[PDB]
Amino acid sequence: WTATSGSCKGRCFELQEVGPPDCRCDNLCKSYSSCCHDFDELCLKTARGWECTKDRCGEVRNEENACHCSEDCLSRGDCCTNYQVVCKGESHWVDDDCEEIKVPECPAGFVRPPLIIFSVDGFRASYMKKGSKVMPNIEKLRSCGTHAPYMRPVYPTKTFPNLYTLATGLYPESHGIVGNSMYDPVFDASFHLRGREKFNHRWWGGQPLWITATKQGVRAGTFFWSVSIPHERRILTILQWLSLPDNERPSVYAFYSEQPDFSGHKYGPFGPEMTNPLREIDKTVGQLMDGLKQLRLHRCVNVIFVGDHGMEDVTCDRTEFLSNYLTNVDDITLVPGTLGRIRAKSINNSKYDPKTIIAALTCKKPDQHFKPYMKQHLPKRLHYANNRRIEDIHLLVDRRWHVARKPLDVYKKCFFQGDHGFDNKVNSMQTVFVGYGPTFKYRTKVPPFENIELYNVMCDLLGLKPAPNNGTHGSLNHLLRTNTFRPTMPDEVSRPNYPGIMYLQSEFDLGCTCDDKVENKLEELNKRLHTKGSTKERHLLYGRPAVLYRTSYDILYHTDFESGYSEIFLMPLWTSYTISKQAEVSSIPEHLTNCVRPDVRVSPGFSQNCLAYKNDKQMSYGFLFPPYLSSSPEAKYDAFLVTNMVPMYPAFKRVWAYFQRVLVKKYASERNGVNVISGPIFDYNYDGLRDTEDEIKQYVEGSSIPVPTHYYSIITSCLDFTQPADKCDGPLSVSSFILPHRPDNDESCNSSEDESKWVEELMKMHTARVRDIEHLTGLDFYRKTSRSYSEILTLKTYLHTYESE
Ligand SMILES: *[C@@H]1O[C@H](CO)[C@@H](O[C@@H]2O[C@H](CO)[C@@H](O[C@@H]3O[C@H](CO[C@H]4O[C@H](CO)[C@@H](O)[C@H](O[C@H]5O[C@H](CO)[C@@H](O)[C@H](O)[C@@H]5O[C@H]5O[C@H](CO)[C@@H](O)[C@H](O)[C@@H]5O)[C@@H]4O)[C@@H](O)[C@H](O[C@H]4O[C@H](CO)[C@@H](O)[C@H](O)[C@@H]4O[C@H]4O[C@H](CO)[C@@H](O)[C@H](O)[C@@H]4O)[C@@H]3O)[C@H](O)[C@H]2NC(C)=O)[C@H](O)[C@H]1NC(C)=O
Ligand SMILES: NS(=O)(=O)c1ccc(C(=O)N2C[C@H]3CN(C(=O)c4cc(OCC5CCOCC5)nc(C5CC5)c4)C[C@@H]3C2)nc1
Ligand SMILES: [Ca+2]
Ligand SMILES: [Ca+2]
Ligand SMILES: [Cl-]
Ligand SMILES: [K+]
Ligand code: NA
Ligand SMILES: [Zn+2]
């Protein structure tokens, strides 16, 4: 019930929500069916339109007008945005030359520069260049302020998951808004675009920016606008709020535009009909900037222009139907479109088998335009698994396509020519970022970055402490003139042991053998220095990684590589080696094919054994430092140490061997040397975080050797590729991956072919940030470089995407 008999007089767009069954006058009342009887008359005035004209200048205040051109309007805070231009000979903001804003220039009583966040739905990154002729106001913010060439959204690249990521700094799996449509099995309740359930607070996790501000005593303007309130009125309301007394005035504001998304769905991202929506957005920006100028706030406010995702060409005839693959199509519920999520229609049917559904959807048609996954097998860069609302079965849909259950679903529900929601690496899904104001830099381009980073920067702009989030605080310091956040490196928790020779060969009973028994103070004093770390400056270029949790481990030195060996997991946590442009690839000689050698620095009790691998019919082994890259025949024996061995499925050994024999050398030739750090990852609970030992679900049969879920590599070189990787004076360049350690290659449909036709494509799909690997290992990399820490934080958030320009 709402007793809608109260009045909105003097309450229009009130800042605190009054509780039912009393009537509301706030910018959300319409959406709740709750506005007072007189809300439209008083609060949504339209008379005479939105602009002053010559004859309106100096007029007698008619309180019925939408905006005013009377003499008292400035002090009332309610002039039309063009008032001073038409009536007082002033220029539009866009016509003025840009001039650096070195300090905030604010009216008296302003305690901090206000923040205004202007969000645009479906604003694809290439609109900045392709629509530049019809967006003069946006182009001025962009060229005079700080901009990126694009900003990467989160997966799925849908509206509500991305808006809430912008608000919280969290991945959708953590904030809980995992799609535009959801079922929560604990609640037994459904979330939908249309309807009431979405308003229930239990859906929305984390702590959004308006809540962070309020808790810390910074006043926030209500972020959300009922759809029927026109754009011109939203702008005027913001400008009116900015005229409130010091004690009542908010410090943070939000404007949201449904365009250009609304038209892009109808006409496609570049339809001729798209020019007009772009013009109209620019005009809205013009009205805001003219309005701030009137209030002498145009050199005081920080303005962010940001999108949620882009838009791709997608039509009805590019739909794959699950009815062309599955016979039992009626026993399933599909969440459809630019991604797929599958679960059982009924929890009482015990004949539903996910295993057979996956197999029926796997590599079935030569052109197949989607790929099925168990959620824990999706590329770790998507961070899309750790939530009960995300179904076990997921379909990654090719760009330009849809998935549906049956043909009837499409024709009984072509309309659309655009859509979005695809893999967040896809060029058409990228969106925009511009920052303009006293706190942002002047005329500065910054590299592409992820939208998860922005919550921290918005907190910095408002002097707030961010709630815990998935940004890396300090990685966007390079966007700001001041208010930077001075992060410090995390403290190392465990220090390494440095073992010397402590065990005799005959103390080991590992069931391993090696053909190595062949017998000079020249090459004996030589091998000693190499085991004490004489070549360590060559192979460990950025310091040793720090271990950020409590554990027992050893540093092991060798001629060609260095490792941090875990006595708990019985394998390295990390292995570091450098391969110069000049380096030579050699084979594993015949007599050394099955060679595994005890390491006399490490006890039998803390070593793997070859017997477990013989008895384990499913599991084989590989090496972290590759024997193919040994510097000499004698150095090659180090690569066969039991302390360099890791468990590998035969199917995965195909991937790993191709990477190590062919790809490392290729990257070293292309990048002028590479430094490589490789290692295992254990994420059995798919939370993106390092497992403790009691979380491991699988061991090599009849042993305590734990099986990794993934293997990583971090591949670093000099950004100035005229310098070799091991003598680099300046910025660094990185690419990394987190490969799933799977007993089959069902993921790659072309895997019966030679590795040269499919392995590199798999690696690219599983590209990763250094920061992703840090979360998954409890390690901290790049501890000792000559670069500033903020620059290193930016490097650790970099993702190599493998999309064209
Ligand atoms: C990205 O950033 C985020 C934010 O920093 C990272 O997520 C954090 O990670 C922590 C570790 O996983 C986690 O800490 C746990 O908190 C538990 C209490 O959590 C509540 O309180 C916070 C603070 O107000 C709140 O934010 C939480 O909100 C979650 O849950 C509600 C629903 O209830 C949702 O609305 C919301 O969206 C959010 O859901 C997400 O997180 C949960 C996990 O909390 C997931 O299950 C969801 O899928 C979803 O992703 C909560 O309301 C606390 O109980 C935990 O402590 C247990 O574990 C420790 C081990 O140290 C043990 O000592 C304790 O005894 C305890 O164990 C007991 O419970 C077990 C399970 O019942 C049981 O097995 C044991 O036997 C014990 O009885 C733990 O400290 C933190 O909550 C989240 N925060 C958020 C916002 O998600 C995220 O890791 C980052 N991602 C990456 C890749 O870096
Ligand atoms: N076809 S489609 O693409 O699915 C599609 C479907 C429907 C629509 C649509 O018309 N509506 C009506 C819009 C009003 N609305 C908001 O007011 C709003 C602003 C905001 O802003 C959050 C800020 C964003 C900038 O950064 C700080 C947070 N956050 C939230 C939520 C996260 C808490 C909501 C978004 C609503 C989607 N558009 C596209
Ligand atoms: Ca959207
Ligand atoms: Ca884990
Ligand atoms: Cl969805
Ligand atoms: K085996
Ligand atoms: Na295959
Ligand atoms: Zn949309």
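We number chain A the same way Swiss-Prot does; the residues here are 51-463, 468-573, 576-591, 617-886, in that order.
Using N, Cα and C of the backbone, Cβ positions are placed for all residues, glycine too.
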Using Swiss-Prot as the reference, determine which range in 75-96, 119-140, 854-875 is annotated region 'Required for secretion'. 854-875
Do you know which of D171, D238, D403 Swiss-Prot groups with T209, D358, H359 in the Zn(2+) 1 site? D171
Name the residue, out of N187, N230, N505, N510, that Swiss-Prot lists for the same 1-hexadecanoyl-sn-glycero-3-phosphate site as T209, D311, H474, please. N230
Of the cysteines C413, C468, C513, which is paired with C366 in the disulfide recorded by Swiss-Prot? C468
Based on the record in Swiss-Prot, give the one of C413, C676, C691 in a disulfide bond with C566. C691
Rank aside, I only need the closest one: which of the recorded positions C86, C102, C156, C809, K877 has its C-alpha nearest to that of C148 (disulfide bond)? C156
Given the recorded positions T209, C413, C566, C676, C809, find the one whose Cα is closest in space to the Cα of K877 (site 'Essential for catalytic activity'). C809
Show, in sequence order, which residues other than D311, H315, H474 on the same chain lie with their Cβ within 8 Å of the centre of the Cβ atoms of the Zn(2+) 2 site. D171, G172, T209, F312, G314, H359, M361, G472, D473
Sequence-remote partners of the domain 'SMB 1' (54-97) [C-beta within less than 8 Å, at least six residues beyond its ends]: 112, 114-116, 249, 269, 271-272, 274-279, 283-284, 287, 290-291, 298, 300
In the same chain, which residues outside the set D171, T209, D358, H359 have their CB within 8 A of the centroid of the CB atoms that define the Zn(2+) 1 site? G172, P203, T207, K208, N212, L213, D311, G357, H474, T485
Where does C799 (disulfide bond) sit by DSSP, helix, strand or coil? strand
For the deposited coordinates, which leave 4 residues unmodelled after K463 and before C468, what is the C-alpha to C-alpha distance in angstrom? 11
